[PDB]
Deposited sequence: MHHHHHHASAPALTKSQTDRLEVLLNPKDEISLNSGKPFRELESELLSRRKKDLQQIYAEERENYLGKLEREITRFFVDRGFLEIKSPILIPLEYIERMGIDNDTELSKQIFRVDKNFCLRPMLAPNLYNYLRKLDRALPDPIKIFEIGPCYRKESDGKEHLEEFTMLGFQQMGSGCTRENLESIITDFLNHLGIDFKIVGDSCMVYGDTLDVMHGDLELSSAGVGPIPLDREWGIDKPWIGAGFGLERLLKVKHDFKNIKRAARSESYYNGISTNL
């Protein structure tokens, strides 16, 4: 009988496509040696043929989708003014107030993309024709309890359209085309949330809302934010989101501790 520590070890080495039973009557050393061989071959095959990291490759695929659909690609600061969090209505009653990674006295690691995209919408509205469509993909940071669905360092897609065409029907069409393009099953529930069973893939929004006026926004809008590691978790059927993260412990969901 395998110890719980031994099965922990084997579970690190197990990939979802594997058809191996850790409850069979094979000794630990030989189950471990066979999984080690499979995971080394998996890495050798990535190295010989494609060589692309899942997170980078997904970011490039989402980028092509949104650029093709008319959205401008934004790359804005990750280290943001702390004032942005308060100005988002995030006071001490919200959970998010307590999840902020603070840096120095005035800055933080952004936990969200809405403040930076608000600022781009306001500025670009003086120069671009209606509607204004933008999107960004990049790191976001939140303090979290340990959890199979949560990372403290994760990657967010955020997109927003402002001006004409900002209907709920148009917002659902973008989400629906987007996730059918990626091959990810979903349900939209309605403020709107895109779910994969009990896992939240996205929260989406329809403006105007009162908060817009703090950001100098006074036009209707639609938008949403998606976690890239959650999309990878669903797509590759990982049991824990850490398999999809920026990590020294996993490469494309394969253990690097061999």
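*Asks:* So which bits of the deposited sequence did not make it into the model?
*Replies:* Missing CA coords at 1 to 11, 202 to 209.
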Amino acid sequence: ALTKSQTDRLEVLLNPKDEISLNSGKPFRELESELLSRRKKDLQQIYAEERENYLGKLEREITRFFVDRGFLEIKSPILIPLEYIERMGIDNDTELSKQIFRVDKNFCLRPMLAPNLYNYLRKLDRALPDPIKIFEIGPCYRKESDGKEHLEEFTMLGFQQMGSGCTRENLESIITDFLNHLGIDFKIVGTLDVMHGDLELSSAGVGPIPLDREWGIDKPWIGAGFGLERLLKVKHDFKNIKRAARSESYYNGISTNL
From here on, numbers count along this sequence of modelled residues.
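*Asks:* Please compare 86 to 94 with 71 to 79 and name the stretch with the higher mean C-alpha B-factor in the deposited structure.
*Replies:* Averaged over C-alpha atoms, the B-factors run higher in 86 to 94.
*Asks:* Name the higher of the two by mean Cα B-factor in the PDB entry, 102 to 110 versus 174 to 182.
*Replies:* The stretch with the larger mean CA B-factor is 102 to 110.
*Asks:* Pick out which of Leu58, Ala224, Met195, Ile46 has the highest C-alpha B-factor in the PDB entry.
*Replies:* Comparing C-alpha B-factors across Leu58, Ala224, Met195, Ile46, the maximum falls on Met195.
*Asks:* Highest Cα temperature factor in the entry, among the options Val189, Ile62, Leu201, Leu232: which one is it?
*Replies:* Highest C-alpha B-factor among the listed options: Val189.
*Asks:* Taking the chain's C-alpha temperature factors as the reference, tell me which third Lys41 falls into: lowest, middle or highest.
*Replies:* Within its chain, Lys41 is a highest-third residue by C-alpha B-factor, going by the deposited values.
*Asks:* Lowest, middle or highest third: which one holds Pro115 when the chain's residues are ordered by CA B-factor from the entry?
*Replies:* Middle third.
*Asks:* So where's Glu153 on the chain's Cα temperature factor ranking, which third?
*Replies:* According to the entry, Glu153 has a C-alpha B-factor in the chain's lowest third.
*Asks:* Would the CA B-factor of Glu136 place it in the lowest, middle or highest third of its chain?
*Replies:* Its C-alpha B-factor, which the entry lists for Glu136, ranks in the lowest third among residues of this chain.
*Asks:* Please place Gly147 in the lowest, middle or highest third of its chain according to the CA B-factor in the PDB entry.
*Replies:* Its C-alpha B-factor belongs to the highest third of this chain's values.
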